[PDB]
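Report on one structure; see the data block that follows.
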Amino acid sequence: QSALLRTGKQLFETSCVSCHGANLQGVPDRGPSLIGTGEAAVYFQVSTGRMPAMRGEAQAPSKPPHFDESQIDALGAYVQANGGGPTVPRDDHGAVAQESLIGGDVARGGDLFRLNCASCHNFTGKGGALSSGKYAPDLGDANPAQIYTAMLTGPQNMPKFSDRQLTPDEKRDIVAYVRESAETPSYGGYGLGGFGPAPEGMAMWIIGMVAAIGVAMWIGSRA
Amino acid sequence: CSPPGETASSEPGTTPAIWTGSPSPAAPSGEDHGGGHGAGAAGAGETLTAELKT
Amino acid sequence: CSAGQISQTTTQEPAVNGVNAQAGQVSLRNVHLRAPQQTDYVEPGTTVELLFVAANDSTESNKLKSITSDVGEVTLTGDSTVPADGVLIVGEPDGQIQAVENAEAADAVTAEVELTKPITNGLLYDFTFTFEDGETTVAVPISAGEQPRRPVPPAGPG
Ligand SMILES: CC(C)=CCC/C(C)=C/CC/C(C)=C/CC/C(C)=C/CC/C(C)=C/CC/C(C)=C/CC/C(C)=C/CC/C(C)=C/CC/C(C)=C/CC1=C(C)C(=O)c2ccccc2C1=O
Ligand SMILES: CCCCCCCCCCCCCCCC(=O)O[C@H](COC(=O)CCCCCCC[C@@H](C)CCCCCCCCC)COP(=O)(O)O[C@H]1[C@H](O)[C@H](O)[C@H](O)[C@@H](O)[C@@H]1O
Ligand code: HEC
Ligand code: HEC
Ligand SMILES: CCCCCCCCCCCCCCCC(=O)OC[C@H](C)OC(=O)CCCCCCCC[C@@H](C)CCCCCCCC
Ligand SMILES: *C(=O)CCCCCCCCCCCCCCC
């Protein structure tokens, strides 16, 4: 749309031309060129907030978004027009699809997640560490569109999962599994984070062992 | 120590040729039947197509 | 001190299939080939399209885009001298939006190549983009822009 393109350009010119140079070409050693990144990349990155980025470090951290959905769409449309590339999914009305991205199959989504996603994130989408200051973040904050677009465009040190590699049905199943694992209550008590051995051992040593030692000190006599 | 064989910068290489898999020998001799027919000649089988062009 | 002069985030290429060639005043971004292949190779004699974006770096311009031809006889239909502190978008990468009902100079400088040589996805094929400023080999890839999986035949156990 003409006005959408104009709004995207105006936001771009006063947000990122210092590190994604005007004309969408990347500033050498400050930011990559956005030609070909597409609307999906812009949506995911700006909505998660990573892109109003105020440091060059191991990894761009997530943060509150600096733009509302309309401005996100404007920036995405501008980048898509300039470069041309993957587009964020949308529902019948036109808004970014959230529920439509919940795949029907969850066992298949979990299998795909374990083969591809858990590699670094977790068994259930908690975070993971990477080589030098990087890390795979927890997926519990991401909404279905954000998960789908994260797969569609490998944000940073994350493999780029094309539609051919993971058909949109497979990505929808993975999104369903991610949301289900994130929103599912821990059966058996308080899941201490999602990592078994380390949080479980700390909770033993702090809750069970201090209780046992304190009870022993109560029963016995100091000497 | 380090592994004996590493770091061959020279010999940039060549693009692999298109793979032409050989048919499975007597070991995996199993193969799909090409079509059963009487074949009262040198052999044609139960499969034969043709394109009538202009 | 992952934030030092050598930091992971800054030194990252775009997560796009097209390669980047900064050599020369005009910088080539997302340069790829739209060559939908139905088999191992894209047979010679078929026309495949050459996508890229030529961004001008200097305002003092290098808008010539003389030949940019290599093995394949790349031809630039609707050629124009666009780059003046801006972008020359030769084609329409999958997902591209026209951005307006009308258009300028009909096609926006579409580059098409008659292969004269087999090509396949996953290989890198050298293209010499030559502006009046200078010439640069780019080693363009083959990109399947937005086409979904082509149905592979079901497998019969044996
Ligand atoms: C190989 C090795 C140990 C490398 C170094 C890594 C390491 C342990 C670094 C230290 C971690 C810390 C303390 C980070 C904060 C930044 C920092 C270093 C500050 C300065 C430290 C300093 C001198 C502070 C002043 C006084 C002081 C010593 C304060 C220490 C503060 C802390 C964190 C005290 C408690 C120790 C603690 C929790 C350490 C982390 C270790 C583990 C295994 C935690 C386990 C655990 C985890 C990881 C969960 O996610 C979780 C989720 C839900 C429920 C439960 C848990 C749980 O129990
Ligand atoms: C003494 C015996 C008592 C033991 C404690 C028992 C507590 C029972 C709690 C009630 C029943 C179980 C509730 C289970 C529901 C439940 O699981 O609880 C979460 C909470 O979780 C948190 O944040 C933690 C909140 C802080 C309170 C609990 C802290 C207790 C620790 C300290 C006990 C261990 C001791 C360790 C000592 C440490 C010091 C060592 C020196 C809440 O949901 P949420 O917050 O959203 O979880 C996120 C998903 O959503 C999202 O996708 C996912 O991605 C995640 O982000 C996930 O967190
Ligand atoms: C280590 C390889 C890697 C694998 C494989 C991978 N991820 Fe990621 N993922 C990352 C990293 C690193 C980030 C952080 C990107 C950033 O912050 O720019 C990330 C970001 C995300 C986010 C954004 C979360 C947020 O709140 O910002 C989600 C959701 C996600 N990944 C889910 C997935 C899904 C779905 C798959 C599909 C298999 C997957 N991951 C596979 C490493 C990986
Ligand atoms: C240096 C500060 C910085 C600013 C500010 C910034 N970017 Fe970026 N951008 C980067 C870096 C670094 C990367 C690649 C590493 C990363 O994303 O963590 C990147 C990558 C991207 C990507 C993903 C590229 C890919 O291949 O997946 C998009 C989309 C993007 N930028 C758009 C934007 C938009 C839109 C804005 C303004 C709303 C913006 N950026 C502001 C530095 C910045
Ligand atoms: C022998 C043991 C005793 C020490 C001997 C003398 C020890 C003398 C230590 C000289 C250290 C010289 C460093 C030179 C830096 C370098 O060239 O590499 C750059 C690198 C890339 O930059 C970094 O990555 C981080 C660099 C900053 C280090 C923050 C450390 C903060 C410590 C806190 C976490 C508090 C810990 C509590 C510590 C508590 C102790 C308080 C004193
Ligand atoms: C990236 O991870 C950190 C970048 C910081 C580089 C500059 C460090 C300045 C020196 C700090 C001194 C620390 C205490 C020294 C104890 C002897």
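Simple scheme: letters A, B, ... for chains in structure tokens order, numbers from 1 for residues in each chain, numbers from 1 for ligands in the order shown.
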
For this session: Go through the chains and note each residue within 6 Å of ligand 3, using only C-alpha atoms and all ligand atoms, then give the set as a ChimeraX atom specification.
Result: /A:48,60-62,113,116-117,119-120,135-137,139,141-142,147,150-151,155-159,174

Selected residues, C-alpha atoms, written as a PDB file, in the first residue's frame, please.
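Final output, again-v3.pdb:
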ATOM      1  CA  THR A  48      10.319  -9.111  19.706  1.00  0.00           C
ATOM      2  CA  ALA A  60      21.013  -8.905  20.244  1.00  0.00           C
ATOM      3  CA  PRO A  61      18.784  -9.383  23.320  1.00  0.00           C
ATOM      4  CA  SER A  62      15.019  -9.235  23.306  1.00  0.00           C
ATOM      5  CA  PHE A 113      10.877 -29.723  17.864  1.00  0.00           C
ATOM      6  CA  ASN A 116      15.348 -29.423  15.196  1.00  0.00           C
ATOM      7  CA  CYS A 117      14.456 -27.028  18.022  1.00  0.00           C
ATOM      8  CA  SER A 119      18.913 -29.150  19.739  1.00  0.00           C
ATOM      9  CA  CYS A 120      19.684 -25.820  21.404  1.00  0.00           C
ATOM     10  CA  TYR A 135      22.050 -18.167  23.864  1.00  0.00           C
ATOM     11  CA  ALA A 136      18.796 -19.613  22.599  1.00  0.00           C
ATOM     12  CA  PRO A 137      16.060 -17.724  24.492  1.00  0.00           C
ATOM     13  CA  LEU A 139      10.061 -19.554  23.783  1.00  0.00           C
ATOM     14  CA  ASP A 141       7.034 -15.316  25.560  1.00  0.00           C
ATOM     15  CA  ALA A 142       6.817 -15.843  21.793  1.00  0.00           C
ATOM     16  CA  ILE A 147       7.534 -18.604  16.508  1.00  0.00           C
ATOM     17  CA  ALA A 150      11.484 -17.115  13.813  1.00  0.00           C
ATOM     18  CA  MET A 151      11.579 -20.422  11.955  1.00  0.00           C
ATOM     19  CA  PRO A 155      17.181 -14.469  13.309  1.00  0.00           C
ATOM     20  CA  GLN A 156      20.764 -14.790  14.546  1.00  0.00           C
ATOM     21  CA  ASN A 157      22.937 -17.912  14.789  1.00  0.00           C
ATOM     22  CA  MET A 158      19.675 -19.814  14.271  1.00  0.00           C
ATOM     23  CA  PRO A 159      19.244 -22.021  11.175  1.00  0.00           C
ATOM     24  CA  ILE A 174       5.986 -26.968  15.892  1.00  0.00           C
TER      25      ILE A 174
END

For this session: Output the neighbourhood of ligand 4 as a ChimeraX atom specification, that is, all protein and nucleic acid residues with some atom at most 8 Å from the ligand, counting only C-alpha atoms and all ligand atoms.
Result: /A:11-12,15-20,30-34,36-46,50-56,59-61,66-67,72,75-76,79,153-156 /C:8-16

Within 9 Å of residue 97 of chain C using only C-alpha atoms, minus same-chain residues under 4 positions, as a PDB file with N, CA, C and O atoms, in the first residue's frame:
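Generated file (out.pdb):
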ATOM      1  N   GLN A   1       0.838  -1.195   0.000  1.00  0.00           N
ATOM      2  CA  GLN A   1       0.000   0.000   0.000  1.00  0.00           C
ATOM      3  C   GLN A   1       0.875   1.248   0.000  1.00  0.00           C
ATOM      4  O   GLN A   1       1.947   1.255   0.594  1.00  0.00           O
ATOM      5  N   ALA A  77       6.292  -3.914   5.408  1.00  0.00           N
ATOM      6  CA  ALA A  77       5.915  -3.654   4.025  1.00  0.00           C
ATOM      7  C   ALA A  77       7.002  -2.878   3.302  1.00  0.00           C
ATOM      8  O   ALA A  77       7.309  -3.160   2.140  1.00  0.00           O
ATOM      9  N   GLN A  80       9.836  -5.319   2.620  1.00  0.00           N
ATOM     10  CA  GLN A  80       9.439  -6.276   1.597  1.00  0.00           C
ATOM     11  C   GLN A  80       9.447  -5.636   0.218  1.00  0.00           C
ATOM     12  O   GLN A  80       9.923  -6.240  -0.751  1.00  0.00           O
ATOM     13  N   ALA A  81       8.931  -4.412   0.105  1.00  0.00           N
ATOM     14  CA  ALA A  81       8.937  -3.727  -1.180  1.00  0.00           C
ATOM     15  C   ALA A  81      10.359  -3.474  -1.656  1.00  0.00           C
ATOM     16  O   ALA A  81      10.679  -3.699  -2.828  1.00  0.00           O
ATOM     17  N   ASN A  82      11.232  -3.008  -0.762  1.00  0.00           N
ATOM     18  CA  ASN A  82      12.603  -2.715  -1.167  1.00  0.00           C
ATOM     19  C   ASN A  82      13.331  -3.983  -1.594  1.00  0.00           C
ATOM     20  O   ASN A  82      13.914  -4.040  -2.683  1.00  0.00           O
ATOM     21  N   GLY A  84      12.066  -7.658  -1.022  1.00  0.00           N
ATOM     22  CA  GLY A  84      11.245  -8.764  -1.469  1.00  0.00           C
ATOM     23  C   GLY A  84      11.702 -10.070  -0.859  1.00  0.00           C
ATOM     24  O   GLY A  84      12.857 -10.465  -1.038  1.00  0.00           O
TER      25      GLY A  84
ATOM     26  N   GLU C  92      11.616  -9.013  -9.573  1.00  0.00           N
ATOM     27  CA  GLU C  92      10.634  -9.081  -8.493  1.00  0.00           C
ATOM     28  C   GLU C  92      10.884 -10.368  -7.718  1.00  0.00           C
ATOM     29  O   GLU C  92      10.316 -11.420  -8.046  1.00  0.00           O
TER      30      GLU C  92
END

Problem set entry | segment 40-44 of chain C surroundings by only C-alpha atoms, 6 Å radius, close-in-sequence under 3 positions cut, as a VMD selection string | chain C and resid 37 115 to 120

May I have the residues from that selection written out with C-alpha atoms, as an mmCIF file, in the first residue's frame?
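See result-v1.cif below for the written result:
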data_model
loop_
_atom_site.group_PDB
_atom_site.id
_atom_site.type_symbol
_atom_site.label_atom_id
_atom_site.label_comp_id
_atom_site.auth_asym_id
_atom_site.auth_seq_id
_atom_site.Cartn_x
_atom_site.Cartn_y
_atom_site.Cartn_z
ATOM 1 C CA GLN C 37 14.369 -26.626 -11.873
ATOM 2 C CA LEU C 115 21.888 -20.668 -19.714
ATOM 3 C CA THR C 116 23.884 -22.305 -22.524
ATOM 4 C CA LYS C 117 25.152 -24.504 -19.661
ATOM 5 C CA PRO C 118 23.455 -26.795 -17.104
ATOM 6 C CA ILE C 119 22.928 -25.377 -13.624
ATOM 7 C CA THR C 120 21.494 -26.927 -10.471
#

Exercise. Counting only C-alpha atoms, which residues from chain B have an atom at most 8 Å from any atom of chain C, and could you show them as a PyMOL selection string?
Worked result: chain B and resi 30-32

Once you count only C-alpha atoms and all ligand atoms, which residues end up within 9 Å of ligand 6, and could you hand them over as a compact mmCIF listing (two decimals) with N, CA, C and O atoms, in the first residue's frame?
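Saved result, pocket-v6.txt, follows:
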# COMPACT_ATOMS: atom_id res chain seq x y z
N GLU A 57 27.15 -6.82 20.17
CA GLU A 57 27.64 -7.75 21.19
C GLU A 57 27.52 -9.16 20.64
O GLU A 57 27.31 -9.37 19.44
N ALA A 58 27.65 -10.15 21.53
CA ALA A 58 27.52 -11.54 21.10
C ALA A 58 26.16 -11.80 20.48
O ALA A 58 26.05 -12.49 19.46
N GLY A 133 28.89 -16.07 24.38
CA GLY A 133 27.97 -15.04 24.81
C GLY A 133 26.59 -15.13 24.19
O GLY A 133 25.71 -14.35 24.58
N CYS C 1 33.57 -9.14 27.16
CA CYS C 1 34.20 -8.47 26.03
C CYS C 1 33.87 -9.18 24.72
O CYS C 1 34.71 -9.28 23.83
N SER C 2 32.63 -9.67 24.62
CA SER C 2 32.08 -10.01 23.32
C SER C 2 31.65 -8.76 22.56
O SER C 2 31.28 -8.87 21.38
N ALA C 3 31.70 -7.60 23.19
CA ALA C 3 31.33 -6.33 22.58
C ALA C 3 32.52 -5.60 21.97
O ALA C 3 32.37 -4.46 21.53
N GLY C 4 33.70 -6.23 21.95
CA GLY C 4 34.89 -5.57 21.45
C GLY C 4 34.81 -5.27 19.97
O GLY C 4 33.73 -5.30 19.38

For this session: Could you please select, counting only C-alpha atoms, the residues of chain C within 10 Å of chain A and state them as a PyMOL selection string?
Result: chain C and resi 1-18+20+22+27-31+52-57+85-89+91-101+144-150

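With a cut-off of 7 Å and using only C-alpha atoms and all ligand atoms, the polymer residues contacting ligand 2 are residues 125, 126, 138, 139, 140, 141, 181, 182, 183, 185, 186, 189, 190, 191, 192, 193, 199, 202, 203, 206 and 207 of chain A.
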
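Closest approach to ligand 1 among A:110, A:214, A:128, A:194: A:194, based on only C-alpha atoms and all ligand atoms.
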
For this session: Would you please give, as a PyMOL selection string, all residues of segment 4-90 of chain C that DSSP assigns to strand (DSSP E or B) based on the backbone?
Result: chain C and resi 19-21+26-34+42+47-56+74-77+87-89

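With only C-alpha atoms and all ligand atoms as the basis for measurement, A:201 is the residue among A:209, A:146, A:201, A:64 that approaches ligand 1 most closely.
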
Problem set entry | Backbone DSSP call of helix (DSSP H, G or I) for segment 67-124 of chain A, listed as a ChimeraX atom specification | /A:69-82,99-101,107-117
